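Consider the single chain below, provided in structure tokens and representing the form deposited in one PDB entry.
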């Protein structure tokens, strides 16, 4: 289920990573490799991860994309996608984000978890995930597809590390006992204006399901979710474009807020 030669995987990873590192968009790689499979794309993504680890970057978490059934159906895929988070993606609450290093960023309000027990697929579901959750963390992702197109293409997006670029953690880190992740409300404010509202249920119906799906996806490549893994479970709100000069704050009910300023 792979159509790329290894040379192509390596060349694509370099090409796609450079778009991120050098802050410029590129054509969707499925335009030059229309037969690219998800296995191909994950090979490319994991190769980008390897490139980053090889230069000393710590991989500090994972994120989940396409965590909406409606969006999956629209894309004609049956599962979400994942990407990894590198250490330098991290932005502190209230932190300043330099858009000169970004292409056309948007933010998404998410709830992250840190696990305290290993999780694996296949066949992982909500019930298997609950005991393994240590705490939850309000997290705003900054996504920034390195592709210049308008169509979301899941395979290219996977190769592009699911458009990962920054994540902003903040608010209170709460145990699962304190939080109903389905009804967890978020309010995204941009420049003083409420621009998106959402509830955790927007992530598959239950954000923790995203963790189970991640375990299942990782299991396809013979990986799992080790205890202590930080996982951004998916966009609760529609993604909101940001630009220099923007200030955003996302309030999480009962868990404080996550803010960032863009320059």
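Numbering follows the first chain given and starts at 1. Shifts are known only where both forms have a C-alpha. C-alpha atoms forming the largest set that superposes within 1.5 Å between two forms make up the rigid core.
Not on display, but discussed next: the form solved in complex with a small molecule.
- in the entry with it bound, which of the stretches 106 to 114, 92 to 100, 186 to 194, 119 to 127 has residues with heavy atoms within 4.5 Å of the small molecule? Of the stretches listed, the one contacting the partner is 106 to 114.
- Which one, 36, 208, 48, 64, lies within 4.5 Å of the small molecule in the entry with it bound by heavy atoms? So the residue touching the small molecule in the entry with it bound, by this definition, is 64.
- So which of 181, 168, 162, 133 gets a non-hydrogen atom within 4.5 Å of the small molecule in the entry with it bound? Spelling it out, the residue with a heavy atom inside the cut-off is 162.
- Looking at the small molecule in the entry with it bound, do all three of 40, 52 and 84 come within 4.5 Å of it through at least one heavy atom? No residue of the spot touches the small molecule in the entry with it bound.
- Message: Within 4.5 Å, heavy atoms only: does residue 71 come near the small molecule in the entry with it bound?
- Response: Yes - in the entry with it bound, heavy atoms of residue 71 and the small molecule come within 4.5 Å of each other.
- Query: Does at least one non-hydrogen atom of residue 143 fall within 4.5 angstroms of the small molecule in the entry with it bound?
  - Reply: Because a heavy atom of residue 143 falls inside 4.5 Å of the small molecule in the entry with it bound, the answer is yes.
- Message: How about residue 155 - does it come within 4.5 Å of the small molecule in the entry with it bound, if we only consider non-hydrogen atoms?
- Response: Close contact is absent here: in the entry with it bound, residue 155 is far from the small molecule, nothing within 4.5 Å, heavy atoms only.
- Query: Which residue ranges, three or more long, have every Cα moving by 2 Å or more between the shown form and the other one relative to the rigid core?
  - Reply: Moving region between the shown form and the other one: 149 to 152, nothing else.
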